[PDB]
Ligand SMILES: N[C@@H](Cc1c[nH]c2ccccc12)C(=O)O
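Listed next as C-alpha cells is one chain, alone, in the form solved without the named molecule.
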C-alpha cells in the first residue's frame, strides 16, 4: 500500500486555546514560472562555487539573456525564471570565466504552474505537486544561500557587534531554519531560530594559543611538545586556511628545520617572498595533497571564515553553548518575530521577481486542549489519580499490581570509604519504606551485600548470585558515577545470565530523597513484572473493545562523523489490554538506514508473545513509528507496512488485522506559542499539556496533527507531530488524537504525561540499551554485532530496558 488516507474529519474534543505558530503566510501569484536545466563543466565543484558561476554568468550574459530577469538557482542543475528566457528546448552553451573557465548549458525543461499549486492547496487537485513546492523553495533560498552559510535547511552568519567565543578556536553562530510548506490555508514559510558552533576566522597563531591554552604565543619560545603538537594537529587537521587550502597535516620539524625537495621553509619565505618569520620555532601546516609537500608557516595563515565545527564540543563548550542559546517560550517567540521583521523577505529582489509576499506576523491557529485520562492505581484503595498540567503523583497510592520482593541482593562497586555500610543500610531502610508505601513490599534485608571493584568482578559475582540464591529477583548495583562497570552489568545481566538489575549512582545512595526513591521503585516494579498503574478502563477510546496491539518503533543512527557503526532498530509491542506491559525486539542493521530491515520477523515475535500473554489475536495493530521525515514517508511505508502484513500472513491463515501506521516526529521546526499571556504555563511559559492542532498549519489533504502531550519545564516545548500514513481502522480525528494522548500517560518511569506515546518512548530505550551492549564492539561482522544485542532467554519477555 502507498497513498496515505485523507483526513477523515476535524477533531472536536477539548476546550479551545488561541495559539501562534512560527509559520508565516505566503502570497504566491497564479502564474507559470519557467524551469531550466543547467549543466556545469567541470561538474565536481562545490554547490557554493556553482552558485557563483551562475551569478557571474547571469551578470555577464545579460544583454543576450537575463536582461531584466533575475533567475534563481539551486546550486546544482535547476534554474527558474519569472518570465521565459529566449530559448527552445534548444540548449545554449555558454562560457564563463570565474576570477577558471566553465562550460554552462541552459536547456528549457518545463513550466511550473503556481495555479496548480493553488488548486492542490484547495480541495480541487488530489495531490500536492512536489516540483512546484521545490521551485518555491529555490526562490526563497536563492539569496541567503550566497549571503549566508547554508547548513541543512538553515542559514548561519557571524553575529554583528557581538561575539560568543566557546574557546578552543570555536564560537557560536546564530541563524535560522527556513522551509516552504503547503497547508490547509496557504503556502507557509516556516522560520525558526537556531545556533551552532563555527571556527573563528582568526590567525592560525591565535588558533594555536586557544587550543594550547597560551595567553599569548611568546610562551614558550621553544618548539612544541609532541603532545602539544599532537593536540594542535588533531584540532586543525581538515580545516581550511587562507594566505584557500585544506590542512592535511602539521610538520614535526619547525619551519626553520623543515625542508622540502625543490630547502627550508623559513629560508624559502625569506628568499622568494621577502618575508622573515616572527616565529620560526613553530611547525608548518601541510596543506593540499597528503603525499605532496606544500607547507605553510603558521604565521601567514588564517582559518577561513564560515567553517562549521563538526566535532563534539567539550563539556565546557557545551555548557557555554547552552547558556548562550537557552530561551523561554516567550523569548523564543520574540526572537523569531524579531528575525522576521529584520529579514524583510519582501525586499529580497528574487522573492520580489517572483511576485511573492510573506506576512511578517506569525499565523494565528486555534488549538484544543484535550482532557487527560484518569490513572487507576491498586491496593485496597484503588486510588484514581487525575493529571493536572501534565503531571500527577503517587502519594497515598499503591501499584495496580505490585511485586513482593523476597530475595534481592546488593552489589556495591563504589569504594567502601565513600559509600559505607551505614550509607547502604540507611538507603536500604528508606527504600523499603517507600516501596511498602507503593505496594511493592521489600520484605527483608538483602540476601547478599558485598563490595566489588572493576568490570572483571561483575560476571563471577553475578554467576555466584544466580547459582546460590534460589528465587533471586533483583540485584541492586551501586555505582561510583560514570564507569565501564555499568555496561558490563547490563551485558551480564541482560544478555549473559538473564538477571534483573537496577543500578543506582552512589550519590543517590549517600543522600536520598522520597521522590528519587519513589521513581526508583517505578522502575523496579516494572522490571520485576509489575503493573504500576493503568488507564481508567472506562475512560479509554472504543478501539479497546476488541483486542488491539500497540507497537512502537524507532531506528537510532550513529553519531556525526561516524562511518562504520550499525544503525539500531527497535520495536516494542503491548502485551495486555491496559495497555501497560511491553516486550521488546531489537536488531543491528545497515549504517544509517532508516527502513527497519527485519521488521517482519520482529513483528511476528511480538504477535506471538501477545497471544501467549493475552490468549487473544489482535484485530488491530496500531504502529507508532518514530523519526521518519516527510521525504521518506513513501519509502518507509512501502517496506514497513508490507512487513507488518507479511508477519500476519506468515502466522496464519487469512489473519488480516487492520493496520494504522502513524509517524511520530518530535524533531521538526514547528513551534506553538500561547497568544494570551494568561495561558502560559510556568517559568518557561509554554502551551499546556494536551494542546492539539489539526487545522490551518497542517496538511491540506492528509491526516496529521500536532499534539503537545507534555508539560514544558524549560525552553520551548517541541509539540510532537503525528502523520497517519495508513489506516485500515478508519479512526476519527478525535479518537486517534485522544488515543495518542492517553498513550502518553502510560509510560512507567514517571507520573507525568511524556512527549511521545509510551510505545515509541520504549523503542528509544531499547535502541539505547542495545547501543550500550555494543560499546567498543561496533557477514561475520554482522553476526557478531547481532549476538551482542540479543538478550538472554529469560530477559526476552521482560521490560529490562526500563
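Positions refer to the first chain, counted from 1.
The same protein also exists as the form solved in complex with the named molecule; that form is not shown, yet it is the one meant from here on.
Student: Find the only residue in 116, 151, 659, 534 having a heavy atom within 4.5 Å of the named molecule in the deposited complex.
Tutor: Spelling it out, the residue with a heavy atom inside the cut-off is 659.
Student: Please pick, from 577, 504, 158, 405, the one residue with any non-hydrogen atom lying within 4.5 angstroms of the named molecule in the deposited complex.
Tutor: Looking at the other structure, the residue within range turns out to be 577.
Student: Any idea which of 369-377, 130-138, 247-255, 607-615 reaches within 4.5 Å of the named molecule in the deposited complex, heavy atoms considered?
Tutor: Looking at the other structure, the answer is 607-615.
Student: So in the deposited complex, is the named molecule close enough to residue 669 to count as touching (4.5 Å, heavy atoms)?
Tutor: The answer is no: residue 669 has no heavy atom within 4.5 Å of the named molecule.
Student: Please run the contact check for residue 583 against the named molecule in the deposited complex: heavy atoms, 4.5 angstroms, yes or no?
Tutor: Close contact is absent here: in the deposited complex, residue 583 is far from the named molecule, nothing within 4.5 Å, heavy atoms only.
Student: Even though the named molecule is not shown here, does residue 655 get within 4.5 Å of it in the deposited complex, heavy atoms only?
Tutor: Yes, residue 655 sits close enough to the named molecule in the deposited complex that at least one of its heavy atoms falls within 4.5 Å.
Student: Could you confirm whether residue 548 comes within 4.5 Å of the named molecule in the deposited complex, counting heavy atoms only?
Tutor: Result yes; residue 548 sits at the interface with the named molecule in the deposited complex.
Student: With the partner left out here, which residues of 631-651 have a non-hydrogen atom within 4.5 Å of the named molecule in the deposited complex?
Tutor: 645, 648, 649, 651, in sequence order.
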